[PDB]
Amino acid sequence: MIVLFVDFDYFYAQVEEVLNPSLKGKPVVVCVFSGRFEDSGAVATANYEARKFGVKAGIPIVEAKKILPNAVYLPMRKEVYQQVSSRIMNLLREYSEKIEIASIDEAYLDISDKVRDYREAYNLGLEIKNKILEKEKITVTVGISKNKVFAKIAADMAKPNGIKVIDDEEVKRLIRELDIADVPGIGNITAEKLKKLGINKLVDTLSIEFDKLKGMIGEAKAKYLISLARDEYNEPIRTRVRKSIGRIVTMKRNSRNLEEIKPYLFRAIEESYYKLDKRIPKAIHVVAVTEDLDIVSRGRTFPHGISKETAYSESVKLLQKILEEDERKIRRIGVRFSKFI
DNA sequence: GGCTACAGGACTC
DNA sequence: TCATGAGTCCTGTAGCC
Ligand SMILES: Nc1ncnc2c1ncn2[C@H]1C[C@H](O)[C@@H](COP(=O)(O)OP(=O)(O)OP(=O)(O)O)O1
Ligand SMILES: [Ca+2]
Ligand SMILES: [Ca+2]
Ligand SMILES: [Mg+2]
């Protein structure tokens with residue numbers, strides 16, 4: 001199998017540049033403003049000019065400003081990036097029926113039946129990169145390999161605006177040499193646990209007793225890492241169907257006063273239902289983030305779809321449960337719907 | 001023993 | 001006054017057959 005993975009470069013930032021060319025060259029920072037105070041919030045992403053200096057997704061907007069006070073700070077415009085994204089995705093569909101849209105800026109394409117080898121695949125990659133650039137003037141990075149994980153790793157190594165192929169021989173080299181921390185699905189917490197077991201490379205998971213690896217990172221991640229180490233990983237490119245829709249908002253000030261929290265919860269429900277658009281959920285979860293930034297939640301599944309009215313009344317009972325069971329103050333409140341009909 | 005629902009954990013974008 | 005927001009998969013625990 002030959003998988004071609006596409007990942008758009010510094011996406012939210014690059015779209016803003018396409019919409020306003022005068023931005024190219026300067027450091028651009030797309031922000032998610034929370035509204036508590038002046039500049040409260042975090043960075044969604046920033047173009048590479050800004051990243052060279054440490055301004056990247058996740059950091060406080062206030063910190064980014066300390067580092068780059070004169071950078072251009074723009075409020076995130078999700079809807080816009082989504083429309084642009086949707087158009088690029090349709091361009092990729094012309095290259096394969098077997099395509100998996102993994103997120104707002106990623107797609108995996110099974111081009112096994114389109115090309116005969118990696119040479120042809122690489123060339124197909126260029127053709128794709130050019131098409132997208134001509135049609136939308138958006139640069140993306142292409143990753144090509146025997147499966148989804150290594151096609152992704154291939155792209156991570158070639159961005160931005162790149163294209164890389166990881167052939168069978170290189171797959172064997174990477175299992176031996178690639179920092180296991182760079183393996184998709186291995187975050188700091190797991191990486192740390194693995195470093196503690198002397199596990200720094202995929203191949204190392206082969207010499208450690210399974211029960212020990214399992215007991216440390218869990219059965220699923222253990223089998224996953226091992227399957228990759230044995231070069232026996234296979235995951236099909238499948239159309240993804242959204243399983244849940246939700247909205248969570250930050251409150252002006254922390255609280256655990258039901259009436260003060262209600263308006264935020266209701267706003268979150270309103271927006272969620274708008275997003276649901278025709279999908280009827282059978283399950284609802286109220287999600288709260290406490291002052292100490294811990295996430296707590298309570299949910300319920302019904303034997304029938306949940307009407308907006310039922311969502312309101314039930315969300316209150318669920319929040320109440322949270323309040324009655326947790327003494328901390330709430331910082332962010334929201335809701336999430338699932339188990340669609 | 002293992003399925004199911006619920007809540008928390010971890011990861012990725 | 002650091003600390004967004006969205007969505008997915010896995011696991012521990014307890015009920016139940
Ligand atoms: N922590 C986050 N919070 C909010 N939005 C985020 C977060 N991480 C990523 N995003 C958004 C910003 C990006 O434009 C988009 C895709 O992520 P990702 O590929 O990892 O960043 P990027 O497109 O800016 O990529 P790159 O490093 O690939 O050039 O999703
Ligand atoms: Ca990207
Ligand atoms: Ca990692
Ligand atoms: Mg990516």
Side-chain angles (χ1 to χ4, degrees), chain A residues 3-18 28-30 32 43-52 55-59 74 76-78 80-89 91-92 99-109 125 128-129 132-133 136-145 147-164 166 174-175 177-197 199-205 216-218 220-222 224-225 228-229 233 235 237 240:
Chain A
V3 178
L4 182 150
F5 171 68
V6 184
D7 188 329
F8 313 160
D9 304 312
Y10 62 107
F11 202 44
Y12 292 12
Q14 179 170 22
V15 171
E16 293 294 2
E17 290 183 3
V18 172
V28 180
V29 187
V30 174
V32 186
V43 175
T45 199
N47 62 11
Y48 287 76
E49 269 88 80
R51 289 186 206 178
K52 290 180 301 188
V55 178
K56 60 179 181 183
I59 84 164
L74 305 170
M76 179 194 262
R77 293 192 291 168
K78 192 84 162 291
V80 173
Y81 318 140
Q82 181 56 71
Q83 309 211 319
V84 177
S85 171
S86 292
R87 302 203 299 266
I88 299 182
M89 296 309 176
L91 291 179
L92 297 177
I99 181 171
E100 178 181 314
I101 301 184
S103 70
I104 199 170
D105 82 331
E106 299 173 306
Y108 290 89
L109 287 69
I128 291 181
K129 284 177 56 68
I132 298 179
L133 182 67
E136 300 283 350
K137 296 292 146 50
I138 288 292
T139 64
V140 306
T141 295
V142 169
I144 300 177
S145 185
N147 65 52
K148 294 209 294 186
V149 176
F150 284 102
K152 180 171 205 111
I153 287 175
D156 291 334
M157 299 175 302
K159 64 179 58 166
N161 182 31
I163 173 173
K164 171 162 182 58
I166 290 187
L174 294 176
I175 293 184
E177 316 182 318
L178 178 59
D179 191 326
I180 199 169
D182 296 333
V183 177
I186 307 302
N188 290 184
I189 290 186
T190 309
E192 190 45 52
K193 297 187 165 201
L194 296 168
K195 181 175 178 177
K196 253 163 188 164
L197 295 173
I199 304 179
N200 309 290
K201 312 291 183 176
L202 279 177
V203 63
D204 302 313
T205 62
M216 183 67 9
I217 66 176
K221 232 132 203 169
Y224 168 71
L225 292 178
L228 283 169
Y233 174 91
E235 262 315 305
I237 292 54
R240 290 199 194 181

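Only heavy atoms go into these numbers, but all of them, side chains included; no hydrogens, no water, no symmetry mates. Chain identifiers are assigned alphabetically (A, B, ...) following the order of the sequence lines, protein sequences preceding nucleic acid strands; residue numbering begins at 1 within each chain. When a ligand or atom number is given, it counts from 1 through the structure's own listing order.
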Could you state the interatomic distance from [atom1] ([X]) to [atom2] ([Y]), rounded to the nearest 0.5 Å?
X        : Y        : atom1 : atom2 : result
A:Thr190 : A:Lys193 : OG1   : NZ    : 7.0 Å
A:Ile175 : A:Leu225 : CD1   : CG    : 11.5 Å
A:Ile237 : A:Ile99  : CD1   : CD1   : 10.5 Å

>> Around the Ca ion (ligand 3), how many protein N, O or S atoms are found at less than 3.0 Å?
In response: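 For the Ca ion (ligand 3), protein nitrogen, oxygen or sulfur atoms under 3.0 Å: 2.
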>> Which atom name would you report as the N, O or S atom of A:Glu106 nearest the Mg ion (ligand 4)?
In response: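 The Mg ion (ligand 4) is closest to the A:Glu106 atom OE2, counting only N, O or S.
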> Considering only N, O or S atoms, which atom of A:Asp7 is nearest to the Mg ion (ligand 4)?
Replying inline: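 Looking only at N, O and S atoms of A:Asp7, the one nearest the Mg ion (ligand 4) is named OD2.
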Please list, chain by chain and in numerical order, all residues satisfying side chain to side chain donor-acceptor pair (under 3.5 Å) with [X], sequence neighbours excluded.
X        : value
A:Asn47  : A:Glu17
A:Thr45  : A:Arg51
A:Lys201 : none

> Can you tell me if A:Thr141 uses its side chain to pair, donor with acceptor, with the backbone of A:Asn161 under 3.5 Å?
Replying inline: yes
> Hey, what's the angle at the Ca ion (ligand 2) spanning OD1 (A:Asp7) and OD2 (A:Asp105), nearest 10 degrees?
Replying inline: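 Reported to 10°, the angle equals 90°.
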> If you look at every heavy atom in A:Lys152 and A:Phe5, which pair is closest and at what distance?
Replying inline: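 Heavy atoms of A:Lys152 and A:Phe5 come nearest at CA-CD2, 3.5 Å.
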> Is any N, O or S atom of A:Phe8 under 3.0 Å away from the Ca ion (ligand 2)?
Replying inline: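 Yes - counting backbone and side chain alike, A:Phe8 has an N, O or S atom under 3.0 Å.
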